[PDB]
Amino acid sequence: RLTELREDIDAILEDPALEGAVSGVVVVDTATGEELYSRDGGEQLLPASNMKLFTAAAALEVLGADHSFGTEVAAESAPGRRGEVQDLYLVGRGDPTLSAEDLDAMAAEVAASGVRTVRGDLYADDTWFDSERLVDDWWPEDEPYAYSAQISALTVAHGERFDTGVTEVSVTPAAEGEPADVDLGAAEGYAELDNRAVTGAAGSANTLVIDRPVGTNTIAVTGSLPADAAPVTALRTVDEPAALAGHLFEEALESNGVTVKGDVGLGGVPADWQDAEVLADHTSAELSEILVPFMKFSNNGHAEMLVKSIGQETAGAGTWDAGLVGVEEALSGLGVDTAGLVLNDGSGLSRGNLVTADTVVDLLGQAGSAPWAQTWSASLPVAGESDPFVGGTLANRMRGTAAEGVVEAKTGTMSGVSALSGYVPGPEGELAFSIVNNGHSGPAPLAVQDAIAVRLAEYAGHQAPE
Ligand SMILES: *C(=O)[C@H]([C@@H](C)O)[C@H]1CC(SCCNC=N)=C(C(=O)O)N1
Ligand SMILES: [Mg+2]
Ligand SMILES: [Mg+2]
């Protein structure tokens with residue numbers, strides 16, 4: 001029975017999709033510590049988004065499942081009979097799920113607190129983290145796209161997935177030959193618009209491109225949208241998420257009857273402020289709930305923000321240097337051997353990250369017996385589950401196989417790198433596996449990863465739902 005499995009995995013790994021690739025594959029029975037399968041287990045490889053496994057476990061160690069995140073609004077003193085204040089500060093302390101609606105609710109509080117007029121300026125304070133927006137070795141060409149959003153302590157999260165530091169651009173065709181209509185979403189009045197796009201004939205080819213040119217705050221739109229096309233939406237990053245948050249907050253104040261007379265910019269609450277008056281605040285959901293959209297959809301912004309929150313909690317430093325040491329120390333304190341680990345970010349976007357499949361499985365075992373094991377487990381994509389908040393990045397993989405509804409695993413893919421690691425619960429014991437592939441030259445070997453996870457599900461005693 002055990003010899004069949006090794007033969008079957010051996011054969012799966014001969015697939016031509018893995019030509020010239022190195023593949024770390026480890027499978028362990030977690031009830032006994034029995035190594036069921038091991039190849040290139042100690043080989044150092046890029047993890048891509050499997051890096052998030054390390055980040056999530058450390059966040060739960062350092063911050064706790066009950067940890068929540070605060071945002072507040074501050075003036076030098078409370079408002080008067082006249083209901084006036086001078087400068088106002090919106091202060092972000094690392095909430096990765098702060099919505100436009102949370103801004104409106106804080107704006108209503110400011111009004112309710114007696115403010116009618118902000119006579120001075122509105123400043124967006126993100127000083128709880130440092131102002132290092134991107135990791136050194138991240139690629140500049142990626143910057144326009146949600147997964148490369150700038151990192152800040154104060155950022156507005158979009159939608160129920162809470163994509164941070166982005167705006168939703170919507171392009172709608174007009175009559176043929178008329179410019180396409182571009183709607184910048186939340187960044188209206190914040191980001192600049194360079195719209196060169198036209199509406200093409202009905203049935204013409206869609207060549208529409210939406211860019212943010214490197215080192216600018218301009219949404220540049222080119223190409224041609226067919227007159228008969230459905231409108232196109234895309235998430236695009238902005239420069240300085242905190243200043244977009246400031247912009248949206250100004251609007252929310254105005255919309256709740258509070259007149260802002262001055263300008264909007266970045267700035268930290270002055271040191272010379274004696275006893276700041278907190279005029280409004282907001283508390284995020286607890287980390288256990290935040291772990292769901294973070295890990296199910298592999299949210300890079302959430303990961304980096306949790307690293308810096310780790311740096312804040314361990315060292316008073318909202319920094320990658322500090323946060324990444326904190327991740328490593330949390331993992332060690334958990335009993336994980338971190339010798340094979342090189343940590344350059346929390347999300348796994350960085351090509352400077354390294355793991356080994358053995359280190360991954362080690363972590364899977366330690367996390368499985370931690371006090372927070374269930375919270376952690378619930379955050380992982382579940383093979384083949386059609387509800388996006390349940391199936392996550394595995395929603396349309398492994399359907400109608402023994403893995404469906406059973407395998408819980410984290411994904412990860414970029415150019416030349418793909419990974420799948422997690423658990424296979426069986427009638428007998430929970431299996432832990434890690435599959436890390438580097439160096440394949442075609443599509444990410446997802447079918448190969450599926451075949452192994454499916455084989456493990458079967459071995460554990462499972463059968464495909466019909
Ligand atoms: C992790 O590997 C990357 C991260 C580096 O940006 C993200 C992107 C993806 S793949 C495309 C997103 N959803 C999949 N349809 C993942 C992922 O784990 O799938 N994480
Ligand atoms: Mg605006
Ligand atoms: Mg099954």
# chains A, B, ... in the order shown; residues from 1 in each chain; ligands from 1
$ residues_near_ligand --ligand "ligand 3" --cutoff "6 Å" --atoms "only C-alpha atoms and all ligand atoms" --output "list in words"
residues 402, 403, 404, 406, 462, 463 and 464 of chain A
$ residues_near_ligand --ligand "ligand 2" --cutoff "12 Å" --atoms "only C-alpha atoms and all ligand atoms" --output "mmCIF file with N, CA, C and O atoms, in the first residue's frame"
data_model
loop_
_atom_site.group_PDB
_atom_site.id
_atom_site.type_symbol
_atom_site.label_atom_id
_atom_site.label_comp_id
_atom_site.auth_asym_id
_atom_site.auth_seq_id
_atom_site.Cartn_x
_atom_site.Cartn_y
_atom_site.Cartn_z
ATOM 1 N N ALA A 100 -13.919 52.338 2.699
ATOM 2 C CA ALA A 100 -14.557 53.645 2.491
ATOM 3 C C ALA A 100 -15.732 53.858 3.448
ATOM 4 O O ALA A 100 -15.957 54.967 3.932
ATOM 5 N N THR A 167 -7.443 51.434 -6.598
ATOM 6 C CA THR A 167 -8.681 52.027 -7.024
ATOM 7 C C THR A 167 -9.250 51.147 -8.131
ATOM 8 O O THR A 167 -8.506 50.429 -8.817
ATOM 9 N N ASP A 183 -13.587 55.949 -15.704
ATOM 10 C CA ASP A 183 -14.023 56.278 -14.355
ATOM 11 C C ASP A 183 -12.928 55.724 -13.426
ATOM 12 O O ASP A 183 -12.646 54.523 -13.441
ATOM 13 N N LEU A 184 -12.299 56.604 -12.648
ATOM 14 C CA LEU A 184 -11.143 56.238 -11.840
ATOM 15 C C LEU A 184 -11.513 55.638 -10.478
ATOM 16 O O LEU A 184 -10.628 55.274 -9.696
ATOM 17 N N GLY A 185 -12.806 55.568 -10.182
ATOM 18 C CA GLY A 185 -13.274 55.000 -8.919
ATOM 19 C C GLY A 185 -12.849 55.888 -7.757
ATOM 20 O O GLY A 185 -12.930 57.116 -7.865
ATOM 21 N N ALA A 186 -12.356 55.290 -6.670
ATOM 22 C CA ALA A 186 -12.022 56.060 -5.465
ATOM 23 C C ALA A 186 -10.929 57.111 -5.675
ATOM 24 O O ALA A 186 -10.915 58.172 -5.024
ATOM 25 N N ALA A 187 -10.024 56.827 -6.604
ATOM 26 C CA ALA A 187 -8.971 57.761 -6.936
ATOM 27 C C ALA A 187 -9.412 58.971 -7.788
ATOM 28 O O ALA A 187 -8.549 59.781 -8.158
ATOM 29 N N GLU A 188 -10.715 59.106 -8.083
ATOM 30 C CA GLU A 188 -11.203 60.304 -8.755
ATOM 31 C C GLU A 188 -10.834 61.488 -7.878
ATOM 32 O O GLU A 188 -11.148 61.515 -6.669
ATOM 33 N N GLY A 189 -10.169 62.461 -8.497
ATOM 34 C CA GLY A 189 -9.738 63.669 -7.800
ATOM 35 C C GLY A 189 -8.439 63.467 -7.055
ATOM 36 O O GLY A 189 -7.946 64.403 -6.427
ATOM 37 N N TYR A 190 -7.888 62.248 -7.111
ATOM 38 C CA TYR A 190 -6.608 61.963 -6.471
ATOM 39 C C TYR A 190 -5.538 61.666 -7.522
ATOM 40 O O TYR A 190 -4.525 62.387 -7.612
ATOM 41 N N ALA A 191 -5.747 60.607 -8.309
ATOM 42 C CA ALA A 191 -4.830 60.190 -9.366
ATOM 43 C C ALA A 191 -5.090 61.042 -10.593
ATOM 44 O O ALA A 191 -6.207 61.505 -10.785
ATOM 45 N N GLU A 192 -4.079 61.247 -11.434
ATOM 46 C CA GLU A 192 -4.301 61.966 -12.683
ATOM 47 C C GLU A 192 -4.812 61.022 -13.741
ATOM 48 O O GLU A 192 -4.585 59.808 -13.661
ATOM 49 N N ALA A 243 -2.363 58.930 1.351
ATOM 50 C CA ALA A 243 -2.900 60.185 0.806
ATOM 51 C C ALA A 243 -4.217 59.951 0.060
ATOM 52 O O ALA A 243 -5.072 60.844 0.033
ATOM 53 N N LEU A 244 -4.396 58.768 -0.551
ATOM 54 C CA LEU A 244 -5.713 58.429 -1.106
ATOM 55 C C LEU A 244 -6.733 58.338 0.055
ATOM 56 O O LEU A 244 -7.853 58.874 -0.053
ATOM 57 N N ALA A 245 -6.344 57.679 1.153
ATOM 58 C CA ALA A 245 -7.193 57.582 2.358
ATOM 59 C C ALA A 245 -7.577 58.992 2.901
ATOM 60 O O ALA A 245 -8.755 59.280 3.190
ATOM 61 N N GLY A 246 -6.581 59.875 2.999
ATOM 62 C CA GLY A 246 -6.814 61.287 3.313
ATOM 63 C C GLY A 246 -7.817 61.920 2.364
ATOM 64 O O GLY A 246 -8.730 62.643 2.793
ATOM 65 N N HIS A 247 -7.660 61.665 1.063
ATOM 66 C CA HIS A 247 -8.573 62.246 0.053
ATOM 67 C C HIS A 247 -10.018 61.772 0.312
ATOM 68 O O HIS A 247 -10.945 62.575 0.396
ATOM 69 N N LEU A 248 -10.188 60.467 0.491
ATOM 70 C CA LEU A 248 -11.502 59.890 0.688
ATOM 71 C C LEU A 248 -12.113 60.364 2.019
ATOM 72 O O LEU A 248 -13.334 60.584 2.125
ATOM 73 N N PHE A 249 -11.258 60.563 3.013
ATOM 74 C CA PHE A 249 -11.734 61.041 4.281
ATOM 75 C C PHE A 249 -12.234 62.491 4.200
ATOM 76 O O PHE A 249 -13.253 62.831 4.790
ATOM 77 N N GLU A 250 -11.533 63.324 3.444
ATOM 78 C CA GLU A 250 -12.017 64.685 3.208
ATOM 79 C C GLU A 250 -13.438 64.653 2.636
ATOM 80 O O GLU A 250 -14.326 65.371 3.116
ATOM 81 N N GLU A 251 -13.638 63.804 1.629
ATOM 82 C CA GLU A 251 -14.944 63.639 1.015
ATOM 83 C C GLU A 251 -15.964 63.161 2.040
ATOM 84 O O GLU A 251 -17.085 63.644 2.066
ATOM 85 N N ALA A 252 -15.581 62.219 2.891
ATOM 86 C CA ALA A 252 -16.530 61.697 3.873
ATOM 87 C C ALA A 252 -16.928 62.760 4.891
ATOM 88 O O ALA A 252 -18.088 62.827 5.274
ATOM 89 N N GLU A 254 -16.945 66.112 4.361
ATOM 90 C CA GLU A 254 -17.831 66.999 3.605
ATOM 91 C C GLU A 254 -19.240 66.425 3.479
ATOM 92 O O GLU A 254 -20.223 67.135 3.670
ATOM 93 N N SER A 255 -19.314 65.126 3.206
ATOM 94 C CA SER A 255 -20.579 64.410 3.104
ATOM 95 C C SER A 255 -21.309 64.216 4.454
ATOM 96 O O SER A 255 -22.505 63.888 4.488
ATOM 97 N N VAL A 264 -4.930 68.718 1.880
ATOM 98 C CA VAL A 264 -4.821 67.320 2.318
ATOM 99 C C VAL A 264 -3.421 66.855 1.984
ATOM 100 O O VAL A 264 -2.966 67.021 0.851
#
$ closest_atom_pairs --of "segment 146-204 of chain A" --to "segment 125-130 of chain A" --cutoff "8 Å" --atoms "only C-alpha atoms" --output "JSON lines"
{"residue": "A:152", "atom": "CA", "partner": "A:126", "partner_atom": "CA", "distance": 6.3}
{"residue": "A:153", "atom": "CA", "partner": "A:126", "partner_atom": "CA", "distance": 4.8}
{"residue": "A:154", "atom": "CA", "partner": "A:126", "partner_atom": "CA", "distance": 4.9}
$ residues_near_ligand --ligand "ligand 1" --cutoff "7 Å" --atoms "only C-alpha atoms and all ligand atoms" --output "list in words"
residues 48, 49, 50, 147, 297, 298, 299, 300, 347, 348, 349, 393, 410, 411, 412, 413 and 414 of chain A
$ select_by_dssp --residues "segment 306-436 of chain A" --states "strand (DSSP E or B)" --output "ChimeraX atom specification"
/A:342,354-355,382,408-414,417-424,431-436
$ atom_distance --atom1 "atom CA of residue 257 of chain A" --atom2 "atom CA of residue 87 of chain A"
16.8 Å
$ residues_around --residues "residue 259 of chain A" --least-positions-apart "3" --cutoff "8 Å" --atoms "only C-alpha atoms" --output "PyMOL selection string"
chain A and resi 116-118+253-254
$ write_last_selection --atoms "N, CA, C and O atoms" --output "PDB file, in the first residue's frame"
ATOM      1  N   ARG A 116     -17.742  71.170  13.091  1.00  0.00           N
ATOM      2  CA  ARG A 116     -18.481  71.691  11.958  1.00  0.00           C
ATOM      3  C   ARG A 116     -17.495  72.118  10.885  1.00  0.00           C
ATOM      4  O   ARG A 116     -17.753  71.984   9.694  1.00  0.00           O
ATOM      5  N   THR A 117     -16.354  72.634  11.327  1.00  0.00           N
ATOM      6  CA  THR A 117     -15.364  73.201  10.431  1.00  0.00           C
ATOM      7  C   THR A 117     -13.941  72.818  10.827  1.00  0.00           C
ATOM      8  O   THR A 117     -13.508  73.031  11.969  1.00  0.00           O
ATOM      9  N   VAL A 118     -13.227  72.244   9.868  1.00  0.00           N
ATOM     10  CA  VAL A 118     -11.795  72.035   9.986  1.00  0.00           C
ATOM     11  C   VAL A 118     -11.149  73.261   9.334  1.00  0.00           C
ATOM     12  O   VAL A 118     -11.099  73.381   8.103  1.00  0.00           O
ATOM     13  N   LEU A 253     -15.970  63.597   5.304  1.00  0.00           N
ATOM     14  CA  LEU A 253     -16.243  64.710   6.204  1.00  0.00           C
ATOM     15  C   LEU A 253     -17.237  65.684   5.586  1.00  0.00           C
ATOM     16  O   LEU A 253     -18.255  66.022   6.208  1.00  0.00           O
ATOM     17  N   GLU A 254     -16.945  66.112   4.361  1.00  0.00           N
ATOM     18  CA  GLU A 254     -17.831  66.999   3.605  1.00  0.00           C
ATOM     19  C   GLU A 254     -19.240  66.425   3.479  1.00  0.00           C
ATOM     20  O   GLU A 254     -20.223  67.135   3.670  1.00  0.00           O
TER      21      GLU A 254
END
$ residues_around --residues "residue 386 of chain A" --least-positions-apart "2" --cutoff "7 Å" --atoms "only C-alpha atoms" --output "JSON list (two decimals) with N, CA and C atoms, in the first residue's frame"
[["chain", "number", "residue", "atom", "x", "y", "z"],
["A", 384, "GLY", "N", -11.55, 22.41, -4.42],
["A", 384, "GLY", "CA", -12.74, 22.18, -5.24],
["A", 384, "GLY", "C", -14.03, 22.81, -4.73],
["A", 388, "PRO", "N", -16.27, 31.12, -3.22],
["A", 388, "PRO", "CA", -14.91, 31.67, -3.30],
["A", 388, "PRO", "C", -14.26, 31.92, -1.93],
["A", 391, "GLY", "N", -13.40, 27.99, -1.16],
["A", 391, "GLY", "CA", -12.47, 27.32, -2.06],
["A", 391, "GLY", "C", -11.22, 28.15, -2.30],
["A", 395, "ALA", "N", -10.69, 26.91, -5.74],
["A", 395, "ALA", "CA", -12.12, 26.76, -6.04],
["A", 395, "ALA", "C", -12.40, 25.97, -7.31],
["A", 396, "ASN", "N", -11.63, 26.23, -8.35],
["A", 396, "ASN", "CA", -11.83, 25.51, -9.60],
["A", 396, "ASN", "C", -10.68, 24.54, -9.92]]
$ atom_distance --atom1 "atom CA of residue 82 of chain A" --atom2 "atom CA of residue 101 of chain A"
27.7 Å
$ atom_distance --atom1 "atom CA of residue 104 of chain A" --atom2 "atom CA of residue 81 of chain A"
23.9 Å
$ closest_atom_pairs --of "segment 78-193 of chain A" --to "segment 221-234 of chain A" --cutoff "9 Å" --atoms "only C-alpha atoms" --output "tab-separated table"
residue	atom	partner	partner_atom	distance
A:145	CA	A:234	CA	8.9
A:167	CA	A:234	CA	8.3
A:168	CA	A:234	CA	5.6
A:169	CA	A:234	CA	5.2
A:170	CA	A:233	CA	4.5
A:171	CA	A:232	CA	5.2
A:172	CA	A:231	CA	4.5
A:173	CA	A:227	CA	5.3
A:174	CA	A:227	CA	6.2
A:175	CA	A:227	CA	6.1
A:176	CA	A:227	CA	5.7
A:177	CA	A:227	CA	8.9
A:179	CA	A:224	CA	8.7
A:180	CA	A:225	CA	6.9
A:182	CA	A:221	CA	8.2
A:193	CA	A:221	CA	8.1
$ write_last_selection --atoms "N, CA, C and O atoms" --output "short mmCIF file (atom, residue, chain, number, x, y, z; two decimals), in the first residue's frame"
data_model
loop_
_atom_site.label_atom_id
_atom_site.label_comp_id
_atom_site.auth_asym_id
_atom_site.auth_seq_id
_atom_site.Cartn_x
_atom_site.Cartn_y
_atom_site.Cartn_z
N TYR A 145 -0.31 46.82 -10.50
CA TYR A 145 -1.27 45.74 -10.30
C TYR A 145 -1.51 45.46 -8.82
O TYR A 145 -0.59 45.57 -8.02
N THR A 167 -7.44 51.43 -6.60
CA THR A 167 -8.68 52.03 -7.02
C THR A 167 -9.25 51.15 -8.13
O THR A 167 -8.51 50.43 -8.82
N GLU A 168 -10.57 51.16 -8.28
CA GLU A 168 -11.22 50.41 -9.37
C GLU A 168 -11.48 51.32 -10.60
O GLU A 168 -12.29 52.24 -10.55
N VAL A 169 -10.75 51.07 -11.68
CA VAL A 169 -10.95 51.78 -12.94
C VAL A 169 -12.01 51.08 -13.81
O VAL A 169 -11.92 49.89 -14.07
N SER A 170 -12.99 51.84 -14.30
CA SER A 170 -14.04 51.32 -15.15
C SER A 170 -14.07 52.05 -16.47
O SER A 170 -14.23 53.27 -16.50
N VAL A 171 -13.94 51.32 -17.57
CA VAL A 171 -13.94 51.91 -18.89
C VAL A 171 -15.16 51.40 -19.65
O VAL A 171 -15.38 50.17 -19.74
N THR A 172 -15.94 52.35 -20.18
CA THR A 172 -17.24 52.11 -20.83
C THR A 172 -17.13 52.65 -22.26
O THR A 172 -16.67 53.78 -22.45
N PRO A 173 -17.56 51.88 -23.26
CA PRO A 173 -17.53 52.43 -24.62
C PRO A 173 -18.58 53.52 -24.81
O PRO A 173 -19.57 53.58 -24.09
N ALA A 174 -18.34 54.40 -25.78
CA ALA A 174 -19.32 55.40 -26.18
C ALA A 174 -19.78 55.09 -27.61
O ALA A 174 -19.84 53.93 -27.97
N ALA A 175 -20.11 56.09 -28.42
CA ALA A 175 -20.31 55.86 -29.83
C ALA A 175 -18.95 55.54 -30.48
O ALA A 175 -17.92 56.03 -30.02
N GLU A 176 -18.97 54.76 -31.56
CA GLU A 176 -17.78 54.50 -32.36
C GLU A 176 -17.05 55.79 -32.71
O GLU A 176 -17.64 56.69 -33.29
N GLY A 177 -15.77 55.86 -32.38
CA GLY A 177 -14.96 57.02 -32.72
C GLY A 177 -14.87 58.07 -31.62
O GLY A 177 -13.97 58.92 -31.64
N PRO A 179 -14.10 59.03 -27.65
CA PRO A 179 -13.27 58.45 -26.60
C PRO A 179 -14.06 57.51 -25.69
O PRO A 179 -15.27 57.69 -25.48
N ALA A 180 -13.38 56.50 -25.17
CA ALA A 180 -13.98 55.66 -24.15
C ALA A 180 -14.13 56.49 -22.87
O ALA A 180 -13.31 57.38 -22.60
N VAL A 182 -13.68 56.84 -19.06
CA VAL A 182 -12.89 56.26 -17.98
C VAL A 182 -13.31 56.85 -16.63
O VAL A 182 -13.41 58.08 -16.46
N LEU A 193 -5.50 61.57 -14.73
CA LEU A 193 -6.01 60.76 -15.83
C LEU A 193 -5.38 61.12 -17.16
O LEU A 193 -5.44 62.28 -17.58
#
$ closest_residue --among "A:97, A:113, A:195, A:131" --to "residue 164 of chain A" --atoms "only C-alpha atoms"
A:97
$ select_by_dssp --residues "segment 318-430 of chain A" --states "alpha helix (DSSP H)" --output "number ranges by chain"
A: 320-333, 357-368, 373-379, 388-391
$ write_last_selection --atoms "N, CA and C atoms" --output "mmCIF file, in the first residue's frame"
data_model
loop_
_atom_site.group_PDB
_atom_site.id
_atom_site.type_symbol
_atom_site.label_atom_id
_atom_site.label_comp_id
_atom_site.auth_asym_id
_atom_site.auth_seq_id
_atom_site.Cartn_x
_atom_site.Cartn_y
_atom_site.Cartn_z
ATOM 1 N N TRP A 320 10.269 45.964 7.580
ATOM 2 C CA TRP A 320 10.540 44.580 7.084
ATOM 3 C C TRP A 320 11.702 43.946 7.835
ATOM 4 N N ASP A 321 12.770 44.702 8.047
ATOM 5 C CA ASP A 321 13.911 44.146 8.770
ATOM 6 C C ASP A 321 13.478 43.557 10.094
ATOM 7 N N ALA A 322 12.712 44.348 10.842
ATOM 8 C CA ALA A 322 12.280 43.956 12.166
ATOM 9 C C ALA A 322 11.195 42.903 12.122
ATOM 10 N N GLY A 323 10.255 43.068 11.196
ATOM 11 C CA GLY A 323 9.133 42.142 11.074
ATOM 12 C C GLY A 323 9.589 40.755 10.658
ATOM 13 N N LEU A 324 10.565 40.702 9.743
ATOM 14 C CA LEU A 324 11.054 39.432 9.219
ATOM 15 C C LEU A 324 11.866 38.667 10.232
ATOM 16 N N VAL A 325 12.690 39.361 11.029
ATOM 17 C CA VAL A 325 13.317 38.720 12.188
ATOM 18 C C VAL A 325 12.242 38.173 13.160
ATOM 19 N N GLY A 326 11.204 38.978 13.411
ATOM 20 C CA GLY A 326 10.087 38.553 14.281
ATOM 21 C C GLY A 326 9.382 37.292 13.780
ATOM 22 N N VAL A 327 9.196 37.204 12.466
ATOM 23 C CA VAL A 327 8.590 36.006 11.848
ATOM 24 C C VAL A 327 9.491 34.791 12.140
ATOM 25 N N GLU A 328 10.790 34.938 11.866
ATOM 26 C CA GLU A 328 11.762 33.879 12.057
ATOM 27 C C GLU A 328 11.831 33.411 13.512
ATOM 28 N N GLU A 329 11.872 34.368 14.450
ATOM 29 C CA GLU A 329 11.854 34.066 15.888
ATOM 30 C C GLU A 329 10.560 33.408 16.337
ATOM 31 N N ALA A 330 9.416 33.904 15.861
ATOM 32 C CA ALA A 330 8.150 33.227 16.189
ATOM 33 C C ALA A 330 8.188 31.751 15.714
ATOM 34 N N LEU A 331 8.652 31.535 14.494
ATOM 35 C CA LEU A 331 8.688 30.179 13.928
ATOM 36 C C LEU A 331 9.624 29.262 14.726
ATOM 37 N N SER A 332 10.805 29.777 15.093
ATOM 38 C CA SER A 332 11.730 29.043 15.979
ATOM 39 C C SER A 332 11.080 28.674 17.303
ATOM 40 N N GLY A 333 10.400 29.649 17.915
ATOM 41 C CA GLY A 333 9.739 29.473 19.205
ATOM 42 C C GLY A 333 8.647 28.427 19.110
ATOM 43 N N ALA A 357 11.085 22.135 1.137
ATOM 44 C CA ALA A 357 9.846 21.391 1.316
ATOM 45 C C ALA A 357 9.806 20.765 2.710
ATOM 46 N N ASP A 358 10.956 20.293 3.198
ATOM 47 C CA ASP A 358 11.058 19.826 4.588
ATOM 48 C C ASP A 358 10.677 20.893 5.624
ATOM 49 N N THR A 359 11.127 22.129 5.414
ATOM 50 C CA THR A 359 10.794 23.222 6.327
ATOM 51 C C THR A 359 9.279 23.508 6.283
ATOM 52 N N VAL A 360 8.691 23.355 5.108
ATOM 53 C CA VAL A 360 7.281 23.607 4.981
ATOM 54 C C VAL A 360 6.475 22.604 5.788
ATOM 55 N N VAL A 361 6.790 21.318 5.601
ATOM 56 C CA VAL A 361 6.123 20.228 6.309
ATOM 57 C C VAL A 361 6.332 20.309 7.818
ATOM 58 N N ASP A 362 7.548 20.663 8.230
ATOM 59 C CA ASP A 362 7.848 20.945 9.634
ATOM 60 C C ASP A 362 6.847 21.965 10.191
ATOM 61 N N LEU A 363 6.729 23.103 9.503
ATOM 62 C CA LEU A 363 5.786 24.138 9.918
ATOM 63 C C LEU A 363 4.348 23.600 9.969
ATOM 64 N N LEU A 364 3.930 22.873 8.932
ATOM 65 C CA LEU A 364 2.592 22.269 8.904
ATOM 66 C C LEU A 364 2.280 21.417 10.143
ATOM 67 N N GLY A 365 3.253 20.622 10.593
ATOM 68 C CA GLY A 365 3.140 19.862 11.830
ATOM 69 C C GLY A 365 3.038 20.704 13.098
ATOM 70 N N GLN A 366 3.940 21.671 13.241
ATOM 71 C CA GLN A 366 3.932 22.561 14.409
ATOM 72 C C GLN A 366 2.663 23.415 14.487
ATOM 73 N N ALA A 367 2.222 23.928 13.348
ATOM 74 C CA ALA A 367 1.025 24.739 13.315
ATOM 75 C C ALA A 367 -0.211 23.892 13.629
ATOM 76 N N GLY A 368 -0.197 22.636 13.200
ATOM 77 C CA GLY A 368 -1.314 21.722 13.443
ATOM 78 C C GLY A 368 -1.569 21.448 14.923
ATOM 79 N N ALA A 373 -4.572 26.275 16.016
ATOM 80 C CA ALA A 373 -4.589 25.375 14.849
ATOM 81 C C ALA A 373 -5.837 25.482 13.967
ATOM 82 N N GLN A 374 -6.994 25.601 14.593
ATOM 83 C CA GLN A 374 -8.263 25.669 13.845
ATOM 84 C C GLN A 374 -8.470 26.962 13.031
ATOM 85 N N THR A 375 -8.120 28.095 13.638
ATOM 86 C CA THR A 375 -8.171 29.387 13.001
ATOM 87 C C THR A 375 -7.290 29.376 11.754
ATOM 88 N N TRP A 376 -6.065 28.888 11.928
ATOM 89 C CA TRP A 376 -5.081 28.709 10.873
ATOM 90 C C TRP A 376 -5.631 27.796 9.772
ATOM 91 N N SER A 377 -6.116 26.633 10.169
ATOM 92 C CA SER A 377 -6.649 25.656 9.227
ATOM 93 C C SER A 377 -7.835 26.206 8.423
ATOM 94 N N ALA A 378 -8.761 26.878 9.105
ATOM 95 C CA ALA A 378 -9.949 27.434 8.439
ATOM 96 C C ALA A 378 -9.582 28.469 7.365
ATOM 97 N N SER A 379 -8.402 29.061 7.459
ATOM 98 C CA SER A 379 -8.028 30.125 6.485
ATOM 99 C C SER A 379 -7.578 29.598 5.136
ATOM 100 N N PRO A 388 -16.271 31.118 -3.224
ATOM 101 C CA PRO A 388 -14.911 31.675 -3.298
ATOM 102 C C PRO A 388 -14.265 31.921 -1.929
ATOM 103 N N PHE A 389 -15.064 32.293 -0.931
ATOM 104 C CA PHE A 389 -14.560 32.440 0.445
ATOM 105 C C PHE A 389 -14.261 31.097 1.138
ATOM 106 N N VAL A 390 -14.597 29.996 0.485
ATOM 107 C CA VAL A 390 -14.262 28.664 1.016
ATOM 108 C C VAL A 390 -13.187 28.015 0.148
ATOM 109 N N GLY A 391 -13.404 27.993 -1.156
ATOM 110 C CA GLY A 391 -12.474 27.317 -2.055
ATOM 111 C C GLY A 391 -11.225 28.147 -2.301
#
$ closest_residue --among "A:302, A:181, A:61, A:356" --to "residue 198 of chain A" --atoms "only C-alpha atoms"
A:181
$ residues_around --residues "residue 425 of chain A" --least-positions-apart "6" --cutoff "8 Å" --atoms "only C-alpha atoms" --output "ChimeraX atom specification"
/A:406-407,431,457,460
$ write_last_selection --atoms "C-alpha atoms" --output "CSV table (one decimal), in the first residue's frame"
chain,number,residue,atom,x,y,z
A,406,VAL,CA,-11.0,17.4,1.9
A,407,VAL,CA,-7.5,18.8,1.0
A,431,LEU,CA,-1.2,14.0,6.2
A,457,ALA,CA,-6.6,11.9,-0.7
A,460,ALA,CA,-6.0,8.5,3.1
$ residues_around --residues "residue 74 of chain A" --least-positions-apart "2" --cutoff "6 Å" --atoms "only C-alpha atoms" --output "number ranges by chain"
A: 88-89, 277-279
$ residues_around --residues "residue 21 of chain A" --least-positions-apart "4" --cutoff "10 Å" --atoms "only C-alpha atoms" --output "ChimeraX atom specification"
/A:16-17,416-417,437-441
$ closest_residue --among "A:22, A:444, A:280, A:435" --to "residue 90 of chain A" --atoms "only C-alpha atoms"
A:280
$ closest_residue --among "A:312, A:110, A:336, A:75" --to "residue 273 of chain A" --atoms "only C-alpha atoms"
A:75
